[PDB]
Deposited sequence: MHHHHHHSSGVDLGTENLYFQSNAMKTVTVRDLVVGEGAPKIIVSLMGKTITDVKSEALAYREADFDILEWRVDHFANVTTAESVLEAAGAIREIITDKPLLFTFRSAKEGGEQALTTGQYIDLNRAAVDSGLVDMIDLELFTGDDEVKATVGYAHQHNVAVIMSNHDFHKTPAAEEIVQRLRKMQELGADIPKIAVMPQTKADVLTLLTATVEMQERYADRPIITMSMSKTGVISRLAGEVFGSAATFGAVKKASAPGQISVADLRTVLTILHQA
């Protein structure tokens, strides 16, 4: 593994994929419970037109068995060979499907880094500053990039607060700060876009990923090129529909 990054165009290059340039990149998630499910999903998505494959490890039943995780990461990499693999255990605290102690979470991410099978890991901003700094360093030592994330599945913080969280991620060494918030009003969607523009403008020296969740916030999944979000998620609105709109907006 070896990735690049530049503060000129504010990009991160993982594989041949330049995150931060051109149209936003599409991330799809594997949410299988067993290795059978994970393999069936990866094969099914192999033909889809997406850019980054995220493995949602919190959906994996054998997450506490080290060899099972390594086995599943290898299985995915065998099927999807030409795309960055992002390893993401979403914590219970931030909406994930299973609970792990801080120690288990950090060791899980360390094992993923050590495997050499994953290009990027997702680390949560509020895990703990000492733990985050240590793990970002460890990932970087092994040429693995870090998407640092934060979520609010029930409300949208003030724009100022969103910007300061994205800034903190940058200060903790995130290669790509990422935040997802839930709108309660239409104005909240615009608040998330405002924060995106303000961060991109005032502080960003690398790509950022932002999203306003739910049908109400779908705009935020399409307008990343103008507003400054480098990636968006879709499932196989759909991945096909997402690429269609992104291509039109790039023209």
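The deposited sequence has C-alpha coordinates everywhere except the stretches 1-16, 253-260, 276.
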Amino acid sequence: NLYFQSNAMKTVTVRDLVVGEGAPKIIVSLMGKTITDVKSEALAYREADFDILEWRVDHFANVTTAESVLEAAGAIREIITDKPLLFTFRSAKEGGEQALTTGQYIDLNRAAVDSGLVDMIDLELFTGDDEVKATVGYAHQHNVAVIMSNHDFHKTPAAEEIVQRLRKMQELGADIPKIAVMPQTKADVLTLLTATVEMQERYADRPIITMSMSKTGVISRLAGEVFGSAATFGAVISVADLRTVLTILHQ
From here on, numbers count along this sequence of modelled residues.
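Only the largest set of C-alpha atoms that superpose within 1.5 Å between the two forms is called the rigid core.
Superposition on the core shows that, in 5 other deposited structures of this protein, the C-alpha atoms drift more in one of 178-186 and 43-51; this is 43-51. Here 118-126 and 73-81 are compared by their mean Cα B-factor, and 73-81 comes out higher. Averaged over CA atoms, B-factors in the entry run higher in 107-115 than in the other of 107-115 and 174-182. Reading the B-factor column for the CA atoms of 146, 162, 86, 132 in the entry, the top value corresponds to 132. In this PDB entry, residue 41 carries a Cα temperature factor that places it within the highest third of its chain's modelled residues. When the modelled residues of the chain are ordered by their C-alpha B factor, residue 152 lands in the lowest third. Sort the modelled residues of the chain by CA B factor and residue 202 lands in the highest third. Residue 48: CA B factor lies in the highest third for its chain, per the PDB record.
Ranked by C-alpha B-factor against the other modelled residues of its chain, residue 100 falls in the highest third.
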